[PDB]
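Beneath this line is the structure, given in structure tokens, with notes to follow.
2 protein chains.
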Amino acid sequence: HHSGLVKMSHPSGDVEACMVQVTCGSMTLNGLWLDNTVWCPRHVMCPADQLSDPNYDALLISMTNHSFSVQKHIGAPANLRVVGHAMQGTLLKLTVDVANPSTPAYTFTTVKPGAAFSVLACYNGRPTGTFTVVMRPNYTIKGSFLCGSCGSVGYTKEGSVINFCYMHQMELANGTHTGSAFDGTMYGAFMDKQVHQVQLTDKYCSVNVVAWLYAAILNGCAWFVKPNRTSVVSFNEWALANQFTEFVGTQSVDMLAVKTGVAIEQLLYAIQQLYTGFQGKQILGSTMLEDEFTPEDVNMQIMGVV
Amino acid sequence: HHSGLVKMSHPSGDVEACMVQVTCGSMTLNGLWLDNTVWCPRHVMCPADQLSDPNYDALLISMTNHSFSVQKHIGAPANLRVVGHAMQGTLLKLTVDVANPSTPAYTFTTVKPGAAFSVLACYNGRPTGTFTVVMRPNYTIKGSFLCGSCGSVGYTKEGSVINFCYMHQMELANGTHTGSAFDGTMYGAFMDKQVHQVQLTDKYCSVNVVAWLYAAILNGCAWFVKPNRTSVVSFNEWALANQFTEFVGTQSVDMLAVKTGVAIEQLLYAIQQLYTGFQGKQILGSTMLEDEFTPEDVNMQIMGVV
Ligand SMILES: *[C@H](O)[C@H](C[C@@H]1CCNC1=O)NC(=O)[C@H](CC(C)C)NC(=O)OC[C@@H]1CCC(=O)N1Cc1ccc2c(c1)OC(F)(F)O2
Ligand SMILES: *[C@H](O)[C@H](C[C@@H]1CCNC1=O)NC(=O)[C@H](CC(C)C)NC(=O)OC[C@@H]1CCC(=O)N1Cc1ccc2c(c1)OC(F)(F)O2
Numbered sequence: 001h002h003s004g005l006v007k008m009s010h011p012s013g014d015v016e017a018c019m020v021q022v023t024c025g026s027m028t029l030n031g032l033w034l035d036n037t038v039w040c041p042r043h044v045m046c047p048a049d050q051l052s053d054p055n056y057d058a059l060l061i062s063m064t065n066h067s068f069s070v071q072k073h074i075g076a077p078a079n080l081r082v083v084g085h086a087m088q089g090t091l092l093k094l095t096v097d098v099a100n101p102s103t104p105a106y107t108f109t110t111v112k113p114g115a116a117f118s119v120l121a122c123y124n125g126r127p128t129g130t131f132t133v134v135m136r137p138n139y140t141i142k143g144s145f146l147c148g149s150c151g152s153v154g155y156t157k158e159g160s161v162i163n164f165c166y167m168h169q170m171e172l173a174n175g176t177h178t179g180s181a182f183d184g185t186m187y188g189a190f191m192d193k194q195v196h197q198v199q200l201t202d203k204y205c206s207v208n209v210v211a212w213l214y215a216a217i218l219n220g221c222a223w224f225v226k227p228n229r230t231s232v233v234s235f236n237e238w239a240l241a242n243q244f245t246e247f248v249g250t251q252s253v254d255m256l257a258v259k260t261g262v263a264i265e266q267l268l269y270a271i272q273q274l275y276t277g278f279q280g281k282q283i284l285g286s287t288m289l290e291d292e293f294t295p296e297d298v299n300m301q302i303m304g305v306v
Numbered sequence: 001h002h003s004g005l006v007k008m009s010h011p012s013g014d015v016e017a018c019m020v021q022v023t024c025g026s027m028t029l030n031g032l033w034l035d036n037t038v039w040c041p042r043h044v045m046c047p048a049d050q051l052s053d054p055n056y057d058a059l060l061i062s063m064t065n066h067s068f069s070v071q072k073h074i075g076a077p078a079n080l081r082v083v084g085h086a087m088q089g090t091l092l093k094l095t096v097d098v099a100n101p102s103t104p105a106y107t108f109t110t111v112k113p114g115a116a117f118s119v120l121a122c123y124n125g126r127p128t129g130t131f132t133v134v135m136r137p138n139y140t141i142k143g144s145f146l147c148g149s150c151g152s153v154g155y156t157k158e159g160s161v162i163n164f165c166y167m168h169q170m171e172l173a174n175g176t177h178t179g180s181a182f183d184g185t186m187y188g189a190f191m192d193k194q195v196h197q198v199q200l201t202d203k204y205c206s207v208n209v210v211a212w213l214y215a216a217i218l219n220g221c222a223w224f225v226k227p228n229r230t231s232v233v234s235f236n237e238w239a240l241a242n243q244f245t246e247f248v249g250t251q252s253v254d255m256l257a258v259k260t261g262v263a264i265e266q267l268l269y270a271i272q273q274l275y276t277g278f279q280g281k282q283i284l285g286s287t288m289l290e291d292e293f294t295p296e297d298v299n300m301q302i303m304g305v306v
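Heads up: the sequence lines are chains A and B, in that order.
The first sequence begins at 1 in the numbering used here and counts up one residue at a time.
The second sequence begins at 1 in the numbering used here and counts up one residue at a time.
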């Protein structure tokens, strides 16, 4: 029995029309062209022999508008003339002569651990794929990025408005990925320099495990449900000792509780037991807890609620 | 350690620009607008009290061009006047007065079990999400489709050319999904009528399990590799008894063998052993064989080869 759950991304067309190639000498990556501004990672300015410890302030001052080449390849080809440049945190803000005529309605937002967003993976300014990820508790994502993907963008969508939340910067030693918000801050404690960096311990996202257990119930799979209950306060003390995020309920989780008639606290109890072992049983085809689906995913994909 | 593998879809913008709403009385679903033609499921013609056994030939003859309303909502709104109608298998081919100015370069192809394709899930002619699936050996997909999603399209991409391979029609009792190719034939033995239908037994896609084991090796995870080997012929006799597809090698699998230096036959042997049990070990975070990633996925996402 298939749960009806897939890794669902937003349609990517609105964002595809904003992607450009940014080159600064022998360095090339992707940028995001909104209005008269092109956002890209600041290490486009860095030569390779300096990626391990750039002085980005001195690199910035050494740039001229002439130093940057911006090109659009897909759909409406163009060379964009750079007329201003500035640095915000780990991003460059280039000002260009032409406003993107396909600029969608948009905002900049930061994404929180456990929340999902869509990524448009791009190489040389050309969109090549799209996928969805959850921000992990250690501020990494389990993405799929290769050399040249920096500047690829992550976003969510509220109606027609695109909320840009991620610009790709780096790959960590364990194969996960991280980047910047559009305020220029890196997620987590990471720095945009090519040095091994301590990364924090990941955790299970409790709210997303609860969501998945509700998805299972919505599919007729409820062997793990008991009248036994664990309170949120007690579960959260357990979580701290057992590599779980503390649980914080939301209206989306409450809708699942109402639809199924199973209380959150019954699933917090179940999580405690299932963490010790599934005892040879499966939940939605899995022998391990799943935390890559959000309450909103379950409401939308199974219940048709947005 | 993350494998670097995600469920990757093609960017969807080219296809988003081809989606329309098709209505025939009290029935509404999605269609695909290419050139002067709109493709949609033929059960748009069916009233609800007849979905269990339509006479599609008589329904067809009862239609007029007046009977169909075609609308585009996103990007370049329009009402398309229908000037001809015809039925091919389980699809309608409407001829409309306006050629889609955003028609991409395209072909129609059929997808084979084990092969992956991207789906653009649409409701009322509006794209709402995108995801990627593998055609299962029983000619179903493990999708995420709700009421009103019929007419959503699946496709692959070779360069700039979109190969349309799927139009969504139905949900089976076990929660999986199926639809039509654009020659109008349903995948599998299924029929586009609202009746319980026997569905065939699914199987593990051996070639995709091999691909995943290579992905594991490419990530430094090779505990399951032994010098022991099972020949393709012998494995395929085993597969028939154990719910696996017979293995057929491809150049993409051979590239993985060359890169890793592990022979296909070593992984066929491993599959036989792992099927009996992982003995408490994990492969890329999993305690079960994974067949949802193709050799091409592994070559592209991990090795950067297209
Ligand atoms: C930009 O296009 C590019 C994207 C990378 C390339 C490979 N996949 C990606 O996502 N970014 C960088 O190459 C980046 C540029 C800096 C200026 C930010 N450098 C980078 O990732 O450098 C190595 C990285 C920095 C932080 C860290 O711990 N490392 C070392 C490291 C060690 C072992 C690794 C690894 C990274 O990735 C690994 F594959 F998982 O194994
Ligand atoms: C078109 O928009 C729609 C798409 C469906 C709706 C729910 N999710 C989808 O993907 N198609 C239909 O509703 C389709 C129209 C026919 C004219 C083809 N009918 C349909 O799916 O009817 C039920 C189906 C036909 C084949 C079959 O075995 N069934 C019965 C059945 C029984 C139990 C089910 C189930 C389907 O889906 C389930 F949820 F998994 O449980």
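Note that the Cβ used here is the ideal one computed from N, Cα and C, for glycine as well.
Not one heavy atom of ligand 1 falls within 7 Å of the beta-carbon of A:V119.
The alpha carbon of A:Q301 has as its nearest neighbour, out of B:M135, B:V82, B:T130 and B:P113, the alpha carbon of B:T130.
DSSP places B:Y187 outside any alpha helix (DSSP H), giving it a letter other than H or E.
For A:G304, the residues of chain B that pass the 8 Å Cβ criterion are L146 and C147, in the order they occur in the chain. Among the bridge pairs identified by DSSP, B:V22 is matched with B:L29 and B:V70. Checking the DSSP bridge columns, you'll see B:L146 has no partner listed.
Taking a Cβ-Cβ threshold of 9 Å, none of the residues of chain A is close to B:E292; the smallest such distance is about 10 Å.
Residue state for B:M45 is assigned as helix, using DSSP reduced to three classes.
By the neighbour-count definition (other C-beta atoms within 10 Å, threshold 16), B:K281 is an exposed residue. Nearest CB-CB separation between A:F131 and chain B: below the 8 Å threshold.
Judged by the Cβ position, B:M45 fails to qualify as a neighbour of ligand 2 at the 7 Å threshold, every heavy atom of the ligand being at least this far. Within 10 angstroms of the beta-carbon of B:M170 lie 16 or more other beta-carbons, which makes it buried. In terms of Cβ geometry, A:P127 and B:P11 form a close pair [threshold 8 Å].
The alpha-carbon of A:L284 is positioned some 7 Å away from that of A:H2.
Of the candidates B:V232, B:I141, B:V248 and B:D192, the residue whose Cα lies closest to the Cα of B:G175 is B:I141. Taking B:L92 as the centre and dropping the five residues before and after it, the same chain places the C-beta of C40 and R42 closer than 6 Å to its C-beta, in chain order. Nearest Cα to B:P54 within the set B:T90, B:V253 and B:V111: B:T90. DSSP places A:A257 in the helix class (H, G or I) of the three-state scheme. A residue is called buried once 16 or more other Cβ atoms fall within 10 Å of its Cβ, and B:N208 is buried on that count.
Spatial neighbours of A:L274 in its own chain (CB-CB distance under 7 Å, excluding positions within 5 residues in sequence) are listed in chain order as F224 and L289.
Bridge pairing for B:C40: B:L92 [DSSP]. With respect to the C-alpha of A:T109, the residue from A:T37, A:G184 and A:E265 having the closest C-alpha is A:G184. Segment contact: the stretch 67-78 of chain B against the stretch 208-218 of chain B, fewer than three CB-CB distances shorter than 8 Å; contact not assigned. Between ligand 1 and the CB of A:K193, the shortest heavy atom gap is smaller than 7 Å. One thing to note: B:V161 has its Cβ no nearer than 8 Å to the Cβ of B:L120.
A:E296 and A:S286 have their C-alpha atoms roughly 20 Å apart.
A residue is called buried once 16 or more other Cβ atoms fall within 10 Å of its Cβ, and B:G143 is buried on that count.
For A:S149, the shortest separation between its Cβ and any heavy atom of ligand 1 lies below 7 Å. Linking B:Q88 to A:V298 through their CA atoms gives a straight-line distance of about 36 Å.
About 44 Å separates the CB atoms of B:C205 and B:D97; that is not less than 8 Å, and the two are not in contact. Taking CB atoms only, A:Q169 has no neighbour in chain B less than 8 Å away. When C-alpha distances from A:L29 are compared across A:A86, A:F293, A:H85 and A:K72, the shortest belongs to A:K72.
In this structure, A:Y166 and A:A189 do not form a Cβ contact; the two beta carbons are roughly 16 Å apart against a cut-off of 8 Å. Residue burial is scored here from C-beta neighbours: A:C46 has at least 16 other C-beta atoms within 10 angstroms and is therefore classed as buried.
Assigned with DSSP and collapsed to three states, A:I302 falls in coil, not helix or strand. At a cut-off of 8 Å between C-beta atoms, A:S252 does not count as an interface residue with respect to chain B.
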